[PDB]
Amino acid sequence: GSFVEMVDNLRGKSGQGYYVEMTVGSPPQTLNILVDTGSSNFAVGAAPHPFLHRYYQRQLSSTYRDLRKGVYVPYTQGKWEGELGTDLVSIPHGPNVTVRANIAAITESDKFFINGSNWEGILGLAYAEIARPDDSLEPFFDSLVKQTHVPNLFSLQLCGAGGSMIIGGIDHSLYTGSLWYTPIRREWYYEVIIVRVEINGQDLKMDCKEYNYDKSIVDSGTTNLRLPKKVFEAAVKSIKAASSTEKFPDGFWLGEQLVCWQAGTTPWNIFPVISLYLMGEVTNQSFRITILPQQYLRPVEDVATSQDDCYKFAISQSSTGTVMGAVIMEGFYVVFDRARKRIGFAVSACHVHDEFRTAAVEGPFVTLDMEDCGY
Ligand SMILES: C[C@]1(c2cccc(-c3cccnc3)c2)NC(N)=C(c2ccccc2)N1
């Protein structure tokens, strides 16, 4: 099971995340699992629920071992309660291996499972520092590297309208041009540093620590580009100014309401490009990733609205720092090089573009009067 067989192993409908097929237990029970770089638990629905098509049945697995420890994970609004154990885990369209890993068997949940997402669990790919109940609960990826010869690296190619998760290597057929690396600041979330933000090449002209208040992360489990209050307001002001030929409700800018245009007439040209400059591997060198409106204006698939093309503004205000979500990752080949504590970005085969503009990864960029951009 090489990278060739790993290509196109991801699915997922707009705004509901990307999932990979996995097996838990012996005989293997097949489930769809959300690929999440923003969390560190492997947590699977293990009891019936209105939104679950299937769930993990521990009584049917002869390899299951109960850890006699509970886990309670509350979020902003949603939450899940579970029971810890271990069992045999495999990724049928990933590395040709089966490992023993920690599993949080979800017995109760509230606003966690999404109606029609098609996933029954979450694969948290981030570090042990943020694992629940504590850092002593070894994440799946750490177990995989420990128990197999798989190199300490994975890559994500998320595509808009599926994609690929490549474990253990870089698949050179999934990207064009250069791979540019940003250092992983701290191993907890995939924490990175944004050194500059431009909107249609116009610098937001803020102290770069503002872009990373209190952290900046690469999160496949978050849909939007989430921005700290001060940065979000200036980005919205710039986007509204550039798109002034059309006026949208306040609701649109709050990411709550749809903006629709008759099929094939979306005025892409009126919306600006967002450039996120990421800290390079060498002092005061950086590179940028360019985000087109085809990424930040997320299409909302609905048969009832299908005579038009409708979208949600996929940029939102955050109080927990910058979040480079799925809309940001889409179109790029993102390398999570845990072995070298770095994240690589390159233009992917499924990048967004039109006749005038294209998603890009460019560098190097030099700054001479640069402070440290982190908090
Ligand atoms: C656990 C979950 C999560 C749990 C359940 C569903 C999702 C989800 C929802 C919509 C699309 N994709 C994934 C995410 N995964 C991630 N990354 C977050 C998170 C959100 C904001 C900041 C930091 C972390 N929440």
Side-chain angles (χ1 to χ4, degrees), residues 10-20 31-46 49-52 55 71-82 103-104 106 108-133 137 139-141 154 156 158-163 165 186 188-192 212-229 232 255-256 295-296 298-301 312 314-330 334 336 343:
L10 304 181
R11 292 192 65 213
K13 227 242 85 197
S14 207
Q16 293 162 101
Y18 297 81
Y19 57 85
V20 68
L31 299 160
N32 284 330
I33 308 298
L34 178 79
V35 167
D36 186 13
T37 72
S39 69
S40 313
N41 288 81
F42 179 44
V44 299
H49 182 276
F51 307 151
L52 290 173
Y55 55 89
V71 61
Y72 177 62
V73 182
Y75 307 113
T76 305
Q77 285 170 136
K79 71 158 201 267
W80 63 265
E81 194 148 15
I103 303 175
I106 306 170
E108 183 277 337
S109 68
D110 189 62
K111 285 166 259 182
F112 174 76
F113 292 117
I114 308 152
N115 198 8
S117 71
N118 201 30
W119 54 258
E120 297 93 40
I122 294 193
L123 178 63
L125 297 169
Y127 305 93
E129 214 211 280
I130 68 160
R132 297 275 166 92
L137 194 78
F140 174 80
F141 209 82
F154 70 87
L156 292 176
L158 308 180
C159 304
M165 172 177 61
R186 181 177 157 198
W188 60 323
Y189 288 94
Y190 285 100
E191 198 200 342
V192 297
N212 313 288
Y213 168 50
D214 59 295
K215 67 189 181 280
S216 293
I217 72 171
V218 180
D219 188 1
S220 69
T222 288
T223 292
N224 293 356
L225 168 56
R226 300 183 77 237
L227 297 168
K229 179 169 163 173
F232 173 81
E256 289 157 33
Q295 287 166 268
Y296 69 81
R298 179 179 66 86
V300 177
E301 301 238 69
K312 286 232 187 179
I315 303 170
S316 44
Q317 202 186 309
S318 171
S319 58
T320 60
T322 292
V323 189
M324 284 159 77
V327 298
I328 296 304
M329 295 183 69
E330 278 162 15
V334 189
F336 290 80
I343 292 161

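Position 1 is the first residue of the sequence; numbering continues from there. Start at 1 and go down the list; that is how both ligands and their atoms are numbered.
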[Y] versus [X], side-chain donor and acceptor atoms under 3.5 Å:
| X | Y | result |
| --- | --- | --- |
| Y72 | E108 | no |
| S220 | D36 | no |
| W80 | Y75 | yes |
| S40 | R132 | no |

Would you kindly specify which portion of [X] sits under 4.0 Å from ligand 1, judged on non-hydrogen atoms: side chain, backbone, both or neither?
| X | answer |
| --- | --- |
| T37 | neither |
| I114 | side chain |
| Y189 | neither |

Note to self: Does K215 qualify as a cation-pi partner of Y189, given the criterion of NZ or CZ under 6.0 Å from the six-membered ring centre and within 45 degrees of its axis?
What the structure shows: yes

So between [options], whose heavy atom ends up nearest [atom]?
| atom | options | result |
| --- | --- | --- |
| atom 16 (C) of ligand 1 | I217, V35, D36 | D36 |
| atom 6 (C) of ligand 1 | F113, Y75, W119 | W119 |
| atom 13 (C) of ligand 1 | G15, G221, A326, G17 | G221 |

Could you tell me which atoms of ligand 1, counted from 1 in the order shown, lie closer than 4.0 angstrom to a heavy atom of [X]?
| X | answer |
| --- | --- |
| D219 | 16 (C), 17 (N), 19 (C), 23 (C), 24 (C) |
| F112 | 4 (C), 5 (C) |
| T223 | 11 (C) |

Item checked: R186 and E129 ion-paired at < 4.0 Å -> yes

Margin query: I need the nearest protein heavy-atom contact for atom 3 (C) of ligand 1: residue, atom name and distance, please.
Written below: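 Answer, as residue, atom name and distance: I122 CD1, 4.0 Å.
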
Margin query: Return the closest protein heavy atom for atom 21 (C) of ligand 1 as residue, atom name and distance.
Written below: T222 OG1, 3.6 Å

Margin query: Tell me which one of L34, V44, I106 satisfies side-chain contact (heavy atoms from CB on, under 4.5 Å) with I122.
Written below: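 Checked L34, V44, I106 against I122; only one passes side-chain contact (heavy atoms from CB on, under 4.5 Å): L34.
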
Next item on the list: Hey, can you tell me if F42 and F140 have their rings parallel, tilted or perpendicular (30° and 60° cut-offs)?
Entry: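 Ring orientation of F42 relative to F140: tilted.
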
